[PDB]
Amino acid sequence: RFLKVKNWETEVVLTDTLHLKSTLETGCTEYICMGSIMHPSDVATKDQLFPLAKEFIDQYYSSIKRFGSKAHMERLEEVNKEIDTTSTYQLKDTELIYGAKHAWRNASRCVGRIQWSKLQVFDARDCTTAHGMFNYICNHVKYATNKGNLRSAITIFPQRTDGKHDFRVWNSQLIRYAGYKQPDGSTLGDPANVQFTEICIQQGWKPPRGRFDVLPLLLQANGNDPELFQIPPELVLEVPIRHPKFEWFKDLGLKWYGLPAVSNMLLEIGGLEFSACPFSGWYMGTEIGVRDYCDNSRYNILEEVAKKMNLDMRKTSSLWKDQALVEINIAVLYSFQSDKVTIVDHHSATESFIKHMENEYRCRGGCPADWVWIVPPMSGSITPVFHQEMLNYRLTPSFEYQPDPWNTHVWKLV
């Protein structure tokens, strides 16, 4: 079978055969679509692991044009021995690199995947303690930041065993700003991080209580209680936000960090689960300018910017929010570019994604894509992805969500 997707702007039609490889569920049924549900739908047994491992080893040997080779058959035999004797198995370095790159390639919600094959993979599977994790993460940050010429990277800590010895980075990103609830109901800093900030403070962090305090790392090795570490400040690259035309914009006191580094997801490769796998790229400007700065639940700066713009805020139909939103996003891009910190605007990023998508259809037979996430949160229809039909399905290796660790960890101290 085949499925066709059409671009209603260009009338290009692409044919998807890759969807026949789909494994896990989307969340939809034949009579209900759940495409706008954010999170739809203890550890694998010996019998469950065998076919998952085979499927992955088969796809790896096919990608390197060695399917059916003597090395392919011996790897399957070796993997089967380990599952039989140890209830798990260990990836080769080549397989780990392949798996991590393809999990990115398969991330239907990621607009930056034209870069998927250029990923630096740091193997941290020899790590045993939270101090070791800190070292690996510091090296990752320094490598990826590269004095502003950002480089994509992932660091992979030991896989889950019995579920009682998980490695976890408790932070949602490696670098984020604290949030502090005030007695009067206001919030200082980032409201999204209020709960995690409370956890850090309880664990002994002495907070500066400012608007842009970089959070400490909360690292868990081998199922033990997590431990606090301060990222060396010289490793944290930040960009002060100014505007090319409004001299008053710098007086807002805004800044942001250069390195987006997601640290709470799970990497699944051949049935193995890597619960600590922080990965990083570079920003699309709207992530900061639209969501981080203008979500009502985040820094929520629309009103202040519109005030300083002298906009008429008495009625929605003046589009004062829309006008301020654009200027904020001009400032974000101008500031990063001025400081020579890698960033991509939503027009360039979506254009490249269409190129990537078309390439993937030609060479791979498809490209799973989540329109709801791919379309940028402003100016949707003036980007080419708005007009692009997409098919969403789940391929493995994959990045997956997992519960926040504070909701499942059983503590040990005192």
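Residue numbers run from 1 along the displayed sequence. In this text, rigid core is short for the largest set of C-alphas that superpose within 1.5 Å between two forms.
Each structure in 8 other deposited structures of this protein is fitted to the shown form on the rigid core, and of 22-30 and 366-374 the C-alphas lie farther away on average for 22-30. In terms of root mean square C-alpha deviation after superposing on the rigid core in 8 other deposited structures of this protein, the stretch standing farther out between 347-355 and 44-52 is 44-52. The stretch of deposited sequence separating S381 from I382 contains no residues lacking coordinates in this entry. The question of which stretch, 312-320 or 117-125, has the higher mean Cα B factor is settled in favour of 312-320. Taking only CA atoms, the mean B-factor in the PDB entry is higher for 196-204 than for the other of 196-204 and 256-264. Set against one another, the Cα B-factors of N135, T286, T145, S186 in the record reach their highest point at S186. Reading the B-factor column for the CA atoms of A369, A44, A349, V385 in the entry, the top value corresponds to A44. Compared with the other modelled residues of the chain, the Cα B-factor recorded for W373 ranks in the lowest third. In the PDB entry, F50 places in the highest third of its chain by CA B-factor. In this PDB entry, the Cα temperature factor of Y293 sits in the bottom third of its chain's modelled residues, the lowest group.
In the deposited entry, the Cα temperature factor of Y299 places it in the middle third of its chain's modelled residues. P158: CA B factor lies in the lowest third for its chain, per the PDB record.
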